[PDB]
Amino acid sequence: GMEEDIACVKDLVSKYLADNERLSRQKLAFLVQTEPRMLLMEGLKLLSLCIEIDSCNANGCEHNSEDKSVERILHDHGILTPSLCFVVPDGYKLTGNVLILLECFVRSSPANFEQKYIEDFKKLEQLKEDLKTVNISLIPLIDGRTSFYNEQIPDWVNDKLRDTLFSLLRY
């Protein structure tokens, strides 16, 4: 029944998630949960993290695991500005005065995909003028996906996880 299906998925994630230190904390955050709302929340966060790592790899960006704001990313390179909107990008790369910001997401339906694409696009665009005041050029990348498939977990395990997560919506 449902309990054994959850236990099975936990065992599969334990065995088959990539053995990668960057995933360890979120792997545990999922595995320790008992309540359906928390299995959903942490299971989705695990999948998002996996996709972000892949997206950053594919786009030549650093994954922003320290949750640096754009202001902090600039500060790390000795560039001070107090005037930026608060943005914590999924990934980034700052090389000289060229700032690449990467936003990543998964949405299945066209309406939801479009809503999130617009949201992330506008968020990055709103940095552009203020970045110019400190001589920074912005390359804003949006990796919007419809798929949860990723290099950090086998697709068959991904399917089992998502199916179980779907079933948990009943609670």
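Start at 1 and count along the sequence shown; that's the residue number.
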Q) Would 92-100 or 78-86 have the larger average of its C-alpha temperature factors, as given in the entry? A) 78-86
Q) Per the PDB record, is the mean Cα temperature factor higher over 159-167 or over 144-152? A) 159-167
Q) What's the residue among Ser48, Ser69, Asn57, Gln26 with the greatest CA temperature factor in the PDB record? A) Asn57
Q) Which third, lowest, middle or highest, does the CA B-factor of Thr133 fall in along this chain? A) highest
Q. Compared with the other modelled residues in the chain, in which third is the CA B-factor of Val32?
A. lowest
Q: Ordered by C-alpha B-factor within the chain, which third holds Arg107? Give me lowest, middle or highest, please.
A: middle
Q | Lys123 - Cα temperature factor, lowest/middle/highest third of chain | A | highest
